Structure formats: structure tokens, C-alpha cells
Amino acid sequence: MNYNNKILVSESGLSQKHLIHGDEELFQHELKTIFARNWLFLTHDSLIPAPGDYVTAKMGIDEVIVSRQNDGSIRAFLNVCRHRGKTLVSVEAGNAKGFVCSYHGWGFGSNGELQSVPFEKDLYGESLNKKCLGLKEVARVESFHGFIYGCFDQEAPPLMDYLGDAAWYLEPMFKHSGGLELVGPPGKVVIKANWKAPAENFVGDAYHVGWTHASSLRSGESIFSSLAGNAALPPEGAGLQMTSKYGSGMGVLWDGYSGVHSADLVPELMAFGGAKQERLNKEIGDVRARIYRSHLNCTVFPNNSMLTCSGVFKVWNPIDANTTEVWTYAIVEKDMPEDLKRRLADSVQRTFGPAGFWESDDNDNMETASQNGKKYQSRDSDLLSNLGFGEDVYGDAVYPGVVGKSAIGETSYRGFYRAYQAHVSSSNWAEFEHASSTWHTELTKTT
């Protein structure tokens, strides 16, 4: 397939070829043009707070070690020995000043440097240039309020610029709340779906909630529970949708601070969020204070998603075109009482974790949609994302980005997929920029 010319995503993001969820050659191409190019979630400060603390993470199909340095910064390195290529670290988290390879015993520091080699003087003499044999380092590592992302491409925009217009929406919760903590360890489960299937679902799919999750809504008695079985369409003005230049996007369901949490936590959360919002009104203004306590379903392009307020945080780790490893963490506000942090974390996993009754509702949706992209008669078929097209705006006085002022629509899909096309058809960031110079115009056509 010639990805310079192949139209995988139609103009304005209106449709995508079904093969994108099944084609293994494309998957290999995405390793290059999506995963090796863009910003990928690694960890949170709360998980590696002290010098020497480390975790392992996936970046695409690669595995990296993410380590807190003595100077307080974080560096990340491929989890591959520079000698004969064995995986260096076999655990998920720990604290160490270095990593020793179990094959021939080469020892690397927490800073990636090759620090020792067994019997170096007798064997290599002075012939080994250890300064050129440090672990392969992740070029870029940056923080968004404690959330640590990595990028293999030194040419990428800074993480903050990459978030584009989505940053404005995240800031009330990520910054103005006093900050968030990620509660680990994550749940880890493999699903037989393409990574884009859950990524697109979280970035912009409010339409599915009432039907897909009819049983979870009815059974849990959570705040969004009227929609069960599409019994009721939310009011006009119940939220909105937004997307951005570099592909990140989100839905906003106004005031839904208790999110998917069952009736057992609703009163305490609605009280906590509303009390904080009262204090934030004076600091960031009423609109932003209300965004803080509004449920945001977001994907940070390409493969990191979250439900704020519900506190769900996901990484859709790609394995092959129809396999993804799902990592699920809980997000909590640092100033919540400890007992509340514990109950919220358990509730996140109860609903969206490995045995998450909500997440289980989506299994068949994601898996079959993805697997059908392999089927002969469906490869060249068009997946539709036209809901709300011709009613989106850009440059609004109150809400930034390309915005659909409706709770349910496909605005965020269109922006995710215009960003995806531009990358898949580009050889570097400069070309992505050239292909994106009229991004918002493309997305607001017919309005």
C-alpha cells in the first residue's frame, strides 16, 4: 500500500476504511509514523517519586525503563542490553541505582550509562568504549502536571503544544484542583481489538453509552443513569465535544463529577467536587470551575485515554492489528481524604478494570469491529463518523478548539482521524505540519 496517496481517511475525517483496524502492514507502518513520532504515556510522578525509583512501560511495541534520577528529573531508556540484546529488567517497578544484565552481567546505571563490565580489564583491556554503550535513550521526556510522557522523535512539538486546545479543558482538574495522583499498579488485560477501537471510543463516543452500557447504567445506579437503554436523550446543552490539531480530543458532560461511580460514592463525590468548584470560581472563573467538575472523556493522541471525575486512566498498548494490551489505572485528586482515594480507586477497577462490568460491555464492540477489518468484503468499506458534521466551530469565545456544542456527536472522531491520516501519509513532523496547515478549516466545512 502506498501511504502517500492511499485515502484511508476521507476529507474532513468523515469516514475511514475498515481495513485500518485489521491491516498488519498498516500496523507496522503505524509503529513508524504514529508510535515512534508522537507522545506516549509512561508513568506519573506518584509512581516514581524518589531517586532510584523506576517502572517499565511500553512505547508502542517497545519496552522502556523510566527512572527517577538523583537530580529529580526522569529519563527513559530501551529495556534492552547493549551487548547481545537481552531484556534488562524483568519486573514492573522497583528502586535501584542500576540494572545488571543476567546474561553476561553488564551493569548500567539508573542514568543509562554502562558503568561496569565483568572482568573488563582482563577481557577488554582499555578497548571497550563504555561511553558509547549506554542504553538507547528516549529522546524526549516531559511532564504535564505530574503525568510523564515520552517521545522517540526529537523533532516533536513540546508536550504542552501537542495537547493543543485540549490542554485548556484538562487544566482545571490537572492543575487547578491541586493536582492528581495515579494509583497503581494498573490492571493489565489483553483484548482482541485494534488499539484505535478503544482510542476512538473514548475520544468521542457518547452515542454508545445508553445502548452499549444499558445494563451497567441500570444496575449501578450511577449519575448518568437515565440513559439506560436510550430511555432518554440528555438535554440540549448537557455538554460538548472538542478536538485539536494533533489529534487529541474529548467529550464534556457538564457537572457529572461522580461519573460512572455507583450510588455508594455519588453523594460524597458530588459534595467534594462542588465544594472545590466553589473555591475555583474565584480563581479560574465559573466556566473553568465547572469544567473541573464535569466528566471529560478524552484521548490524548494516539493511545492514552481517560475519564476525569470517574478517575479512569487507560493505555491501549498495541501488540498487532487485532491485539491490544489494556492498562488501567485510577486517577485521584491529591487532596481527597485517603479513605475516599481508596474507595475511588477500587471503584475505577470495579467498573473499568480487568473485571470492570462497564468495560466488559465494550469488549464485543471493539473486538468485532476490529476483526471485521480483516474480512475481505469489509476491507474497503467505510466506517462512518459524520454525526454533527457542518455544525462544528473553531475559535469560539468561550470554548477552544474545533467544537461541537452538543453532548453527543462525532466531532472528536473526525479530528482524531485527520491527525492519523496526516501522520500515516507523512515522513516526519515537518510534513505533518504541512499536511495540517488548514486542519480546522477541513473539520468545520459546510458550516
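One-based numbering along the sequence shown.
Engineer: When the C-alpha temperature factors are averaged for each of 177 to 185 and 294 to 302, which stretch ends up with the higher value in the entry?
Structural biologist: Between 177 to 185 and 294 to 302, it is 177 to 185.
Engineer: Which is higher on mean Cα B factor in this entry, 325 to 333 or 217 to 225?
Structural biologist: That would be 217 to 225.
Engineer: Would you mind finding, among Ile148, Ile191, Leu340, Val315, the residue with the largest C-alpha temperature factor in the entry?
Structural biologist: Checking the PDB record, the top C-alpha B-factor among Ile148, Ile191, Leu340, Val315 is at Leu340.
Engineer: Just grab whichever of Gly60, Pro49, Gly415, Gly401 has the top CA B-factor as deposited.
Structural biologist: Of the candidates given, the C-alpha B-factor peaks at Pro49.
Engineer: Which third, lowest, middle or highest, does the C-alpha temperature factor of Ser248 belong to within its own chain?
Structural biologist: It belongs to the lowest third of the chain when residues are ordered by C-alpha B-factor.
Engineer: Once the chain's modelled residues are ordered by C-alpha B factor and cut into thirds, is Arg68 in the lowest, middle or highest one?
Structural biologist: Middle third - that is where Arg68 ends up once the chain's C-alpha B-factors are sorted.
Engineer: Could you tell me which third, lowest, middle or highest, the C-alpha B-factor of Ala355 occupies within its chain?
Structural biologist: Lowest third, going by the recorded CA B-factors of the chain.
Engineer: Please say which third, lowest, middle or highest, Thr308 falls into when its CA temperature factor is compared across its chain.
Structural biologist: Answer is middle: the recorded C-alpha B-factor places it there.
Engineer: Based on the deposited C-alpha B factors for this chain, I'd like to know if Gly94 is in the lowest, middle or highest third.
Structural biologist: Lowest third - that is where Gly94 ends up once the chain's C-alpha B-factors are sorted.
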